[PDB]
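Every heavy atom of this structure was used, including side-chain atoms; hydrogens, water molecules and symmetry mates were not. In the text below, chain A, chain B and the rest are named by the order of the sequence lines, each starting its count at 1.
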Amino acid sequence: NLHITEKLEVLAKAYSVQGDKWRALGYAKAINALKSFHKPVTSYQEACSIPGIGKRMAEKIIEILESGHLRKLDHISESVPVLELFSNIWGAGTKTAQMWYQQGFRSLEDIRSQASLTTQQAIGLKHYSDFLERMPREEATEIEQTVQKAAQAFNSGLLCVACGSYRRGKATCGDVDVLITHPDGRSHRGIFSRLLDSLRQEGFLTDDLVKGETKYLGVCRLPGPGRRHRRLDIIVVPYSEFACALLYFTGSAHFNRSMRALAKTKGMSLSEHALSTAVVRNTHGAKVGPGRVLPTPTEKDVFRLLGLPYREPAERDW
DNA sequence: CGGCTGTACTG
DNA sequence: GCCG
Ligand SMILES: [Mg+2]
Ligand code: NA
(Lines give C-alpha, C1' and ligand atoms only; values in the text may rest on other atoms or scores of the structure.)
(Ligands and ions follow the chains in the order given, each with its own letter.)
Protein backbone atom coordinates (compact mmCIF):
# COMPACT_ATOMS: atom_id res chain seq x y z
CA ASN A 1 0.00 0.00 0.00
CA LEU A 2 1.39 3.35 -1.16
CA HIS A 3 -1.46 4.45 -3.42
CA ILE A 4 -3.38 6.17 -0.61
CA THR A 5 -0.53 6.86 1.87
CA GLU A 6 1.36 9.22 -0.40
CA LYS A 7 -1.65 11.50 -0.21
CA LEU A 8 -1.92 11.18 3.57
CA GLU A 9 1.77 11.89 4.11
CA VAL A 10 1.19 15.36 2.74
CA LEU A 11 -1.53 16.11 5.29
CA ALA A 12 0.53 14.57 8.08
CA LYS A 13 3.36 17.02 7.28
CA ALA A 14 1.07 20.00 6.78
CA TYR A 15 -0.35 19.33 10.24
CA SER A 16 2.99 18.63 11.84
CA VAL A 17 4.59 21.82 10.55
CA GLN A 18 1.68 23.96 11.64
CA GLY A 19 2.09 22.56 15.12
CA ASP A 20 -0.96 20.35 15.30
CA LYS A 21 1.07 17.52 16.72
CA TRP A 22 -1.59 15.10 17.84
CA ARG A 23 -3.66 15.28 14.66
CA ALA A 24 -0.40 14.74 12.78
CA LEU A 25 0.29 11.80 15.10
CA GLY A 26 -3.09 10.37 14.15
CA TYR A 27 -2.15 10.55 10.49
CA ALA A 28 1.32 9.14 11.13
CA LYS A 29 -0.06 6.06 12.92
CA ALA A 30 -2.71 5.49 10.25
CA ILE A 31 -0.08 5.77 7.51
CA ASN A 32 2.02 3.18 9.36
CA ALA A 33 -0.91 0.76 9.61
CA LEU A 34 -1.77 1.11 5.92
CA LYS A 35 1.84 0.37 4.94
CA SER A 36 2.05 -2.87 6.97
CA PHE A 37 -1.32 -4.00 5.65
CA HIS A 38 -0.91 -6.95 3.22
CA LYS A 39 -3.57 -6.22 0.62
CA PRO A 40 -4.77 -2.89 -0.72
CA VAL A 41 -7.81 -1.59 1.20
CA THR A 42 -11.18 -2.01 -0.50
CA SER A 43 -14.10 -1.19 1.81
CA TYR A 44 -14.92 1.59 4.26
CA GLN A 45 -15.90 -1.33 6.50
CA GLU A 46 -12.48 -2.90 5.96
CA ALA A 47 -11.06 0.52 6.85
CA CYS A 48 -12.60 0.83 10.30
CA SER A 49 -11.34 -2.71 10.92
CA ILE A 50 -7.73 -1.57 10.87
CA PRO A 51 -6.48 -0.34 14.26
CA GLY A 52 -5.28 3.21 13.73
CA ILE A 53 -8.07 3.98 11.26
CA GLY A 54 -11.42 5.45 12.26
CA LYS A 55 -14.47 7.01 10.61
CA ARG A 56 -12.65 10.23 9.58
CA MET A 57 -9.68 8.43 8.00
CA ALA A 58 -12.06 5.87 6.48
CA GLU A 59 -13.98 8.59 4.62
CA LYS A 60 -10.67 9.96 3.30
CA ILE A 61 -9.55 6.52 2.14
CA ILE A 62 -12.90 6.14 0.37
CA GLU A 63 -12.38 9.44 -1.46
CA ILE A 64 -8.89 8.39 -2.54
CA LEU A 65 -10.34 5.16 -3.93
CA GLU A 66 -13.55 6.63 -5.45
CA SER A 67 -12.11 9.95 -6.85
CA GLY A 68 -8.38 9.18 -6.94
CA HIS A 69 -8.13 12.62 -5.31
CA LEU A 70 -8.25 14.22 -1.85
CA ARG A 71 -10.36 17.33 -1.41
CA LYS A 72 -8.54 18.32 1.84
CA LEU A 73 -5.18 18.44 -0.10
CA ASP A 74 -6.25 21.32 -2.29
CA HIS A 75 -7.24 23.26 0.86
CA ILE A 76 -3.74 23.09 2.40
CA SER A 77 -2.45 26.53 3.35
CA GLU A 78 -0.03 28.19 0.95
CA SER A 79 2.28 28.75 3.91
CA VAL A 80 3.06 25.08 4.36
CA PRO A 81 6.00 24.66 1.95
CA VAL A 82 7.63 27.68 3.55
CA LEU A 83 7.07 26.43 7.09
CA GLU A 84 8.63 23.09 5.99
CA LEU A 85 11.56 24.86 4.39
CA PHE A 86 12.22 26.77 7.60
CA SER A 87 11.76 23.95 10.09
CA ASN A 88 14.23 21.83 8.11
CA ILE A 89 16.84 24.16 9.57
CA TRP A 90 18.36 22.38 12.58
CA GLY A 91 17.30 24.25 15.74
CA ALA A 92 14.19 25.75 14.17
CA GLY A 93 10.83 24.10 14.74
CA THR A 94 7.16 24.89 14.30
CA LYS A 95 7.13 27.99 16.54
CA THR A 96 10.20 29.59 15.02
CA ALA A 97 9.06 28.77 11.46
CA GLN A 98 5.60 30.26 12.02
CA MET A 99 7.10 33.36 13.63
CA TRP A 100 9.44 33.84 10.67
CA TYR A 101 6.51 33.40 8.30
CA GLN A 102 4.37 35.96 10.16
CA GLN A 103 7.34 38.36 9.97
CA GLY A 104 7.43 38.06 6.19
CA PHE A 105 10.34 35.66 5.58
CA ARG A 106 9.59 33.48 2.52
CA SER A 107 12.98 31.88 1.70
CA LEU A 108 16.37 30.85 3.06
CA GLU A 109 17.84 33.98 1.52
CA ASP A 110 15.45 36.00 3.71
CA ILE A 111 16.53 34.00 6.75
CA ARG A 112 20.21 34.32 5.86
CA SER A 113 20.13 38.09 5.40
CA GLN A 114 17.31 39.30 7.70
CA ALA A 115 16.78 36.73 10.48
CA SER A 116 18.39 36.69 13.90
CA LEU A 117 19.54 33.10 14.34
CA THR A 118 20.66 31.30 17.47
CA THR A 119 24.08 29.71 17.31
CA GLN A 120 22.43 26.34 16.61
CA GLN A 121 20.26 27.72 13.78
CA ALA A 122 23.22 29.41 12.09
CA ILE A 123 25.13 26.11 12.10
CA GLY A 124 21.96 24.43 10.86
CA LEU A 125 21.53 26.83 7.96
CA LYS A 126 25.20 26.56 6.98
CA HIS A 127 24.67 22.80 6.59
CA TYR A 128 21.08 22.95 5.36
CA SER A 129 21.68 20.66 2.35
CA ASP A 130 24.06 18.27 4.07
CA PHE A 131 21.62 17.72 6.96
CA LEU A 132 18.89 16.73 4.52
CA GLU A 133 21.14 13.99 3.14
CA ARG A 134 21.67 10.37 4.14
CA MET A 135 25.02 8.64 4.14
CA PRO A 136 25.73 5.10 2.93
CA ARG A 137 25.90 2.79 5.92
CA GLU A 138 29.54 2.14 5.05
CA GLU A 139 30.31 5.80 5.75
CA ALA A 140 28.66 5.48 9.18
CA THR A 141 31.15 2.68 9.82
CA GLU A 142 34.14 4.96 9.13
CA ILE A 143 32.68 7.52 11.54
CA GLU A 144 31.93 5.13 14.40
CA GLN A 145 35.49 3.84 13.97
CA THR A 146 37.04 7.30 13.96
CA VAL A 147 35.21 8.08 17.19
CA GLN A 148 35.97 4.70 18.73
CA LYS A 149 39.62 4.77 17.75
CA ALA A 150 39.93 8.18 19.43
CA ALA A 151 38.09 7.20 22.61
CA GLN A 152 40.08 3.99 23.03
CA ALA A 153 43.20 6.17 22.80
CA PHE A 154 42.37 7.58 26.22
CA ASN A 155 41.11 4.44 27.95
CA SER A 156 41.38 1.26 25.87
CA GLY A 157 38.69 -0.44 27.97
CA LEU A 158 36.00 1.91 26.66
CA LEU A 159 33.23 0.27 24.65
CA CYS A 160 31.79 2.16 21.66
CA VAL A 161 28.65 0.99 19.88
CA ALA A 162 27.04 2.51 16.78
CA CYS A 163 23.25 2.60 17.27
CA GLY A 164 20.16 4.04 15.62
CA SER A 165 19.40 3.12 12.00
CA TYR A 166 22.91 1.71 11.68
CA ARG A 167 22.43 -0.91 14.34
CA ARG A 168 18.98 -1.70 12.91
CA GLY A 169 20.75 -2.76 9.71
CA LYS A 170 19.68 0.02 7.38
CA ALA A 171 21.63 0.65 4.16
CA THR A 172 21.72 4.42 4.77
CA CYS A 173 21.85 6.55 7.91
CA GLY A 174 20.71 10.12 8.56
CA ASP A 175 23.39 10.45 11.23
CA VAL A 176 25.76 8.39 13.35
CA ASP A 177 24.73 7.63 16.95
CA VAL A 178 27.68 6.47 19.08
CA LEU A 179 27.06 4.97 22.54
CA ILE A 180 30.04 4.99 24.90
CA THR A 181 30.29 3.14 28.21
CA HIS A 182 32.77 1.41 30.50
CA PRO A 183 32.46 -1.98 32.26
CA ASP A 184 33.64 -0.56 35.60
CA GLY A 185 30.77 1.93 35.66
CA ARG A 186 33.17 4.48 37.14
CA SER A 187 34.83 5.83 33.95
CA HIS A 188 33.09 8.94 32.62
CA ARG A 189 33.20 12.62 31.75
CA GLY A 190 36.92 13.21 32.11
CA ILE A 191 37.01 11.21 28.93
CA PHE A 192 33.90 12.58 27.19
CA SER A 193 35.36 16.07 27.46
CA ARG A 194 38.91 15.36 26.24
CA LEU A 195 37.58 12.99 23.58
CA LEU A 196 35.66 15.80 21.89
CA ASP A 197 38.76 17.96 22.23
CA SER A 198 41.01 15.68 20.22
CA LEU A 199 38.30 14.94 17.63
CA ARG A 200 37.90 18.71 17.29
CA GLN A 201 41.68 19.09 17.11
CA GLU A 202 42.02 16.37 14.46
CA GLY A 203 39.77 18.57 12.35
CA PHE A 204 37.16 15.78 12.38
CA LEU A 205 34.53 17.79 14.30
CA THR A 206 33.45 20.83 12.30
CA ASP A 207 30.79 22.29 14.64
CA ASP A 208 29.11 21.81 18.02
CA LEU A 209 25.32 21.82 18.37
CA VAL A 210 24.75 20.35 21.83
CA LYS A 211 27.32 19.81 24.58
CA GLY A 212 25.91 18.32 27.77
CA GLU A 213 27.61 16.29 30.46
CA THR A 214 26.56 12.90 29.09
CA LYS A 215 25.35 13.87 25.62
CA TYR A 216 26.89 15.47 22.54
CA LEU A 217 25.61 16.45 19.11
CA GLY A 218 27.83 17.99 16.45
CA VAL A 219 28.99 17.92 12.86
CA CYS A 220 31.89 15.93 11.50
CA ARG A 221 33.43 15.42 8.07
CA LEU A 222 35.70 12.53 7.13
CA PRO A 223 38.98 13.53 5.44
CA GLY A 224 39.35 13.68 1.65
CA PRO A 225 37.52 14.86 -1.48
CA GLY A 226 33.84 14.09 -1.99
CA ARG A 227 33.09 14.15 1.74
CA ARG A 228 29.97 15.76 3.19
CA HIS A 229 29.42 17.11 6.70
CA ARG A 230 27.54 14.60 8.82
CA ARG A 231 25.57 14.75 12.06
CA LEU A 232 27.15 12.85 14.90
CA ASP A 233 25.37 12.08 18.22
CA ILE A 234 27.44 10.74 21.14
CA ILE A 235 26.24 9.70 24.60
CA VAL A 236 28.19 8.38 27.60
CA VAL A 237 26.50 6.11 30.13
CA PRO A 238 27.44 4.19 33.26
CA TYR A 239 27.66 0.46 32.61
CA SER A 240 24.65 0.01 34.92
CA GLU A 241 22.40 1.65 32.33
CA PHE A 242 24.15 0.13 29.32
CA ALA A 243 21.20 -2.01 28.22
CA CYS A 244 18.47 0.63 28.58
CA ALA A 245 20.74 3.13 26.83
CA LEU A 246 21.43 0.64 24.01
CA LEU A 247 17.73 -0.06 23.61
CA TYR A 248 16.85 3.64 23.53
CA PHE A 249 19.63 4.77 21.19
CA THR A 250 18.86 1.93 18.76
CA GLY A 251 15.14 2.76 18.43
CA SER A 252 13.36 3.13 16.16
CA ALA A 253 11.67 6.15 17.70
CA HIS A 254 8.16 4.80 17.06
CA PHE A 255 9.34 1.57 18.66
CA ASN A 256 10.62 3.34 21.78
CA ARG A 257 7.29 5.15 22.13
CA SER A 258 5.30 1.90 21.70
CA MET A 259 7.48 0.12 24.26
CA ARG A 260 7.32 2.98 26.75
CA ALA A 261 3.54 3.28 26.31
CA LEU A 262 3.12 -0.45 27.01
CA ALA A 263 5.36 -0.20 30.05
CA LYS A 264 3.00 2.53 31.27
CA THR A 265 -0.04 0.22 31.13
CA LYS A 266 1.89 -2.24 33.33
CA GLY A 267 2.59 0.39 36.02
CA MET A 268 6.17 0.66 34.81
CA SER A 269 8.30 3.36 33.17
CA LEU A 270 11.02 2.93 30.59
CA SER A 271 13.69 5.46 29.66
CA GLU A 272 17.29 5.53 28.50
CA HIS A 273 18.35 5.25 32.14
CA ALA A 274 16.23 2.40 33.45
CA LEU A 275 13.15 0.27 33.40
CA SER A 276 11.50 0.78 36.77
CA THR A 277 8.32 -0.59 38.30
CA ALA A 278 5.80 0.43 40.96
CA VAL A 279 5.82 3.84 39.29
CA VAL A 280 3.26 6.20 40.83
CA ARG A 281 1.36 8.35 38.37
CA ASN A 282 -1.22 11.06 38.90
CA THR A 283 -4.50 11.12 36.99
CA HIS A 284 -2.99 12.86 33.96
CA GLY A 285 -0.47 10.03 33.47
CA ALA A 286 2.36 12.21 34.78
CA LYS A 287 4.94 10.39 36.95
CA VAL A 288 4.88 11.26 40.65
CA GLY A 289 6.47 8.43 42.66
CA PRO A 290 9.61 7.15 40.86
CA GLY A 291 8.97 3.47 41.63
CA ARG A 292 12.10 1.32 41.78
CA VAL A 293 14.70 0.38 39.17
CA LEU A 294 14.45 -3.18 37.84
CA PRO A 295 17.73 -4.97 37.07
CA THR A 296 18.37 -4.96 33.30
CA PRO A 297 21.86 -6.17 32.20
CA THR A 298 20.76 -6.95 28.61
CA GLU A 299 18.11 -5.86 26.13
CA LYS A 300 16.53 -9.31 26.52
CA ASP A 301 15.76 -8.54 30.15
CA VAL A 302 13.85 -5.39 29.21
CA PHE A 303 11.52 -7.19 26.80
CA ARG A 304 11.10 -10.05 29.26
CA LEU A 305 10.19 -7.88 32.24
CA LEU A 306 7.57 -6.27 30.01
CA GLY A 307 6.17 -9.64 28.94
CA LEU A 308 7.45 -9.29 25.39
CA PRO A 309 9.36 -11.56 22.97
CA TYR A 310 12.88 -10.40 22.16
CA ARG A 311 13.26 -8.40 18.92
CA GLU A 312 16.68 -8.03 17.43
CA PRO A 313 17.40 -4.53 16.26
CA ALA A 314 16.30 -5.18 12.64
CA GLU A 315 12.81 -6.03 13.85
CA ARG A 316 12.66 -2.67 15.68
CA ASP A 317 12.38 -0.54 12.60
CA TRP A 318 8.81 0.67 12.96
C1' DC B 1 -12.81 13.52 28.57
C1' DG B 2 -8.22 13.54 27.41
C1' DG B 3 -3.59 10.81 26.49
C1' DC B 4 -0.89 10.06 22.66
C1' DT B 5 7.12 8.61 25.67
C1' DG B 6 10.54 10.10 28.27
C1' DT B 7 14.41 12.44 28.48
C1' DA B 8 18.27 16.47 27.72
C1' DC B 9 20.03 20.85 26.32
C1' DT B 10 19.81 26.10 25.25
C1' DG B 11 18.88 30.74 26.21
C1' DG C 1 -6.46 12.34 13.85
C1' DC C 2 -7.48 7.47 16.96
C1' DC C 3 -8.86 5.11 20.94
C1' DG C 4 -9.76 3.35 25.87
MG1 LIG D 1 20.34 7.97 13.84
NA1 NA E 1 14.47 22.02 12.55
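Listed nucleotides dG11(B), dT5(B), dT10(B) differ in distance to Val210(A); the shortest reach to its side chain belongs to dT10(B). Minimum atom distance to the side chain of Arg23(A) is reached by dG1(C), of the listed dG6(B), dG1(C), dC9(B). The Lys60(A) side chain lies nearest to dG1(C) when the options are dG11(B), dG6(B), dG1(C). For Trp22(A), taking side-chain heavy atoms from C-beta onward, the closest of the listed nucleotides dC4(B), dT10(B), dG11(B) is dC4(B). Side-chain proximity of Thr214(A) to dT10(B), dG3(B), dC9(B): nearest is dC9(B).
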Expected list for residues 278-291 of chain A: side-chain donor-acceptor pairs under 3.5 angstrom, two or more places apart:
unit_1, atom_1, unit_2, atom_2, d
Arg281(A), NH1, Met268(A), O, 3.1
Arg281(A), NH2, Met268(A), O, 3.0
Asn282(A), OD1, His284(A), N, 3.0
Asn282(A), OD1, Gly285(A), N, 3.2
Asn282(A), OD1, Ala286(A), N, 3.0

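Formation of a donor-acceptor pair under 3.5 Å by the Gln121(A) side chain with backbone atoms of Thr118(A) is found in this model.
In this structure, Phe249(A) has no ring-ring contact (aromatic ring centres under 6.0 Å, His included) partners at least two apart in sequence or on a different chain. Not counting sequence neighbours, the partners of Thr141(A) by the side chain to side chain donor-acceptor pair (under 3.5 Å) test are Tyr166(A). With sequence neighbours left out, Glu138(A) forms a salt bridge (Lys or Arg N to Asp or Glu O under 4.0 Å) with no residue at all.
Put simply, CD1 on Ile76(A) is 11 Å from P on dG1(C), counting in whole angstrom units. Protein atom CD1 of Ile235(A) is 11 Å distant from nucleotide atom P of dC9(B), rounded to whole Å. Separating the CZ atom of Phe249(A) from the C1' atom of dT7(B) is a distance of 12 Å, rounded to the nearest angstrom. In this structure, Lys29(A) places its NZ atom 14 Å from P of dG3(B), rounding to the nearest Å. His254(A) places its NE2 atom 9 Å from the P atom of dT5(B), with the value rounded to the nearest Å. Here the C1' atom of nucleotide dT7(B) and the CZ atom of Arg257(A) are 13 Å apart, to the nearest Å. Rounded to an integer number of Å, the gap from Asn256(A) CG to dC4(B) P is 16 Å. One interatomic measurement links the two molecules: CZ of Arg260(A) to P of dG3(B), which rounds to 19 Å at whole-angstrom precision.
With both ends at atom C1', the span from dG1(C) to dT7(B) equals 25 Å, rounded to whole Å.
Contact annotation: the side chain of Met99(A) never approaches that of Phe105(A) to less than 4.5 Å [non-hydrogen atoms, C-beta and beyond]. Side chains of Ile89(A) and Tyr128(A) form a contact here, defined as non-hydrogen atoms less than 4.5 Å apart.
On a pure distance criterion of 3.5 Å, no polar donor-acceptor pair joins the side chain of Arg56(A) and the base of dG1(C).
Within a 6.0 Å radius of CZ in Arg137(A), other residues, nucleotides and ligands contribute more than 12 heavy atoms.
Contact check, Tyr15(A) against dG1(C): a side-chain N or O comes under 4.0 Å of OP1 or OP2.
Checked against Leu232(A) for a side-chain contact (heavy atoms from CB on, under 4.5 Å), the options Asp175(A), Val147(A), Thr206(A) give a single hit: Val147(A).
Side-chain atoms of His229(A) and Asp207(A) include no donor-acceptor pair closer than 3.5 Å.
Residues from residues 263-273 of chain A lying near DNA chain B, meaning a heavy-atom separation below 4.0 Å, are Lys264(A), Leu270(A), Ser271(A), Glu272(A), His273(A) in numerical order.
Helical stems of DNA chain C (runs of at least 3 Watson-Crick or G-U pairs, donor-acceptor distances under 3.5 Å) are listed by first residue: B:1-4 with C:1-4.
At the heavy-atom level, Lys287(A) lies under 4.0 Å from the strands shown only through sugar-phosphate atoms.
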